[PDB]
Structure formats: structure tokens, C-alpha cells
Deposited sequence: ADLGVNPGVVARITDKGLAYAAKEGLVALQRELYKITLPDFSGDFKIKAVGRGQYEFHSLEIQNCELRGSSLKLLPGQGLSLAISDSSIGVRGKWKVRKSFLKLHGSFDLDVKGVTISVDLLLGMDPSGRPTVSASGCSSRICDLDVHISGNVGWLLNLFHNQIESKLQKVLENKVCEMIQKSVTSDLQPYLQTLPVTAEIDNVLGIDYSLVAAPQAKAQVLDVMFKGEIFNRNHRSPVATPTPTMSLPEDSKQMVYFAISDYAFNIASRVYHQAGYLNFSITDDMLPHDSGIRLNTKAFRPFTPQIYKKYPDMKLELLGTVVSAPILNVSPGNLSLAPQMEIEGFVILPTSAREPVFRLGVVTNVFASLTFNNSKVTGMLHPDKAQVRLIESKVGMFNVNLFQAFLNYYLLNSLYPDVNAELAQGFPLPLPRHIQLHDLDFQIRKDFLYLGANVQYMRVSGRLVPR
């Protein structure tokens, strides 16, 4: 079913991912334990004997260079290279009735690893990863043995190198297999199944599909649907199929289909005399509108008023990448409610409320804050004499700054919660506007 939100991970973001998984993996290779190599020898220079390289331990492991691509259809293909692993151990060579001792160190270079990361989804809507077809190639070997024993080096090269090489690549590939299922899969699953938005509503971030590894991008599609906290009555399920074109500037782009609070921005509304706070000195009654229209109090002395306004356009243009400049243009008509119980037309106003919105990221949520500006009023028509627009403008401002703007400022400050795994921080928000969905551009940083 069509997802509410969609996390599109770009090639750039897959690159970050690999680099960061690379340091986690590197620490895990230290847990690798090599076996012990023992057997007999018959060196033509010193005779036959027994040897043993035991207590092998990973001492150095440097995994640098890597590459995360897309396997269109199944998932990702990882490739780490130009790495190095150092190995340390002890040896004992029994020649004669004597027994020797010493240490050794190997330096492995030109190390290459390749694994496939299979991305899928479990019934519960949680992510799953699985490494398949792992293969590593251990080659450039540097052997150093304690004591300047020459035959020991030649002996290593003739009878242990190849074995150690394969044993090692085999263990490294097993660490990778294990590490993904015991660390990686439990990490992707740190992604919220459900996040609270407000103390009233909530969103469900269950997967509607396993991440879709497209040719150039990775799309992880979430249910993303709003649901009542007390008992989620599914009164919100129309969400269409979205499809934004190719934006590869940043690491991830979120596509957020719908919200609730002023996401709709043909937005009609009504203002009744009993919708303005009591303490707030503004009221919708002829006697109060007397200064605006000195004639209303004659034609309709002491009566209730109606305002039926409506948005007719909401021009949005970017200032900063994360700062919008919208000015909803509306037309309001004043009605005086006469004893005939039927509203009756008085005047019509044109208003343009210039505002600035500036978004940010803060703790997995997208947050914003309003930046109030000039509210412009222009008389459109009037069947009750001239209208002091200048005076009324001051009231339009009082109203907004004391109602409309403080609330919206709160709605934004509460923010929307994004689908992220643990320890992630987003930066450089590029908030571009599109069809039914908001398209949030961001870069990522793993809180190591």
C-alpha cells in the first residue's frame, strides 16, 4: 500500500553508511581467533623436527577504503579494500632433545573483502539484513620471526602461509556473516515502528515493503500514517503514490506525504464573534467595527458579525534552503447577522499575510518557527461606506500575532518525528516543496 513517508538513500548516503559500518566491523575482527599450526619438517640443512606456531592473535587491523553499491532487485553489495591485518603469535621448534621458543609477526596487505547485503522485511514491518556470498582475498604477506632463524622463515613460506591465508580469509568472512546478523540487523531495527508526534496523534512507521534497491538509489518505504492515541480510528488512509525525480545532492531525502496542522496550503474558514478570546479586546459586532466603517452602526445597530474568509493562493519561494517565504493571499467578507437570523453582506477585504518559516532538525524531528511579517489589507467592496483599512490593519496584526501566529509557531516547534535509526543526526536541511509531499533533503552523521 502507498507509503506515507519514504526515505530515499542516495549513492552518497550509501557511501557514508559503508564508512561507518567499516569502523564497527574493524573492531570486530579483533575478536577473530586463529588456530595453531603444528607439524613435522625435514629441512635439508638441519634435519627433521617438529614445529608449532601457536597462540595466534589479531593485533592490528586497518580497514580503510570501501564501497557500497546497489544490487538492483535484492539489496546492497559491499566491497572493502586496500586494508591490512596484522597477526601476532608464538612458535616452538623442537630440534634435537632441545626445544626452542620465539615470537612471530605477519603483516597482511592488499586485503579485499566482498559481501552481499540482502535487505528484506519481516511480517512485523521491521527491517532485516543478511550477508551472502562473502569472499575475501588475503595476499601480500610479511613474515617476521624472532631470532633471525632463516630456515624458520622458509619453513613458514613452504608450509604455513597458504594455510594461514585461507584460514584467515575464512574467519574474516565468518566475522562479517555473524556481525551483520548480531549487530547490523539489530541496528536497522532501532528504527521506530511508531513515533509519537503530539500527545494527541501518532505516526506508524512500519514498512510497506522491504527497502527497494533501485538502480541509482535505495528507497525505504514506510506506512507513515497518522493514528489516534486512545484508539486509532482509521479515518486517514487515502495517501497516493508519490514520485520525485533524481536528487543526488544529499545523503537522504524524505518524502512526507501529509501532516495535519496547516499541511493544507480551497481552505475556507469562518470567524464568529465567539471565537476570539474574552480578554483579547477584539470583537465581531457592529459597535466595535464602527471605527472601521462609521456607517455599519447605523444600518445595523448592535448586531453580531461574520467573517467568511478563504485562501486563494499560497506562493512559496525558498530563501535559505531551510527557510521558506510564503504569503497566503485571501479574501474575507464581512456579514452582519441580523434578527432575520440570516447573515447579510457588508464588506469585502483583501489580505496578504507575508510570513517566513525557517526549518531545522532537532533530535530525529523536523522543527520550525514562524517569522511574522506585514499583514496587508485592501478594501475590495463595501455596501456600507468607506472602510478605514489603516486602522483595521492594526487589528489584523493584533489578531494574528495573538492567535494565528502563536499557535502555528507551537505546531512547528512541536515538530514531526522522522524515521531514523539510533545515534543519527541530520544536517544541512534543504526543504523543497513539491506535489502532495514535502521533500526534505539532509546529510547524516553517526553519533559514534
- line: No C-alpha coords for deposited residues 1 to 4, 270 to 276, 460 to 467
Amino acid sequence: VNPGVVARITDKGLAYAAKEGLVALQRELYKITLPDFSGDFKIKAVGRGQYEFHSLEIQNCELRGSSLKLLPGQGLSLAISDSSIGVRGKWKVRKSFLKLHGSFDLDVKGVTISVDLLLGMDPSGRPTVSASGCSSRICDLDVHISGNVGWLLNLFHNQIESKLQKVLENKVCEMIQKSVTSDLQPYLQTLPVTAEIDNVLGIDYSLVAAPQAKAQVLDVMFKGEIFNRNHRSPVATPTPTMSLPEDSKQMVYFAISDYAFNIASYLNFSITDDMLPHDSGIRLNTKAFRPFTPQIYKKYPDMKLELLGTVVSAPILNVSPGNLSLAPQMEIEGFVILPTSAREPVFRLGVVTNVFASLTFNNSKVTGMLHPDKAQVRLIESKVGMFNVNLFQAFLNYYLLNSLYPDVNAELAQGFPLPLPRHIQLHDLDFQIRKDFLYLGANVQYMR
From here on, numbers count along this sequence of modelled residues.
message: On mean Cα temperature factor in this entry, is 296 to 304 or 206 to 214 the higher one?
response: 296 to 304
- prompt: 168 to 176 versus 270 to 278: which one carries the higher mean Cα B factor per the record?
  reply: 270 to 278
task: In terms of CA temperature factor as recorded, identify the highest of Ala413, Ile43, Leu34, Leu29.
output: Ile43
field: Of the residues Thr367, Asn285, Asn158, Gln250, the one carrying the largest Cα B-factor as recorded
entry: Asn285
query: Taking the C-alpha B-factors as the PDB entry records them, is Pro123 in the lowest, middle or highest third of its chain?
result: highest
- line: Chain thirds by Cα B factor, record data; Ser233 belongs to the highest
- request: Divide the modelled residues of the chain into thirds by Cα B-factor and specify which third, lowest, middle or highest, holds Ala442.
  value: lowest
message: Could you place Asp198 in the lowest, middle or highest third of its chain by Cα temperature factor, using the values in the record?
response: highest
- request: For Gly75, return the chain-relative third of its C-alpha B-factor as stated in the PDB record: lowest, middle or highest.
  value: lowest
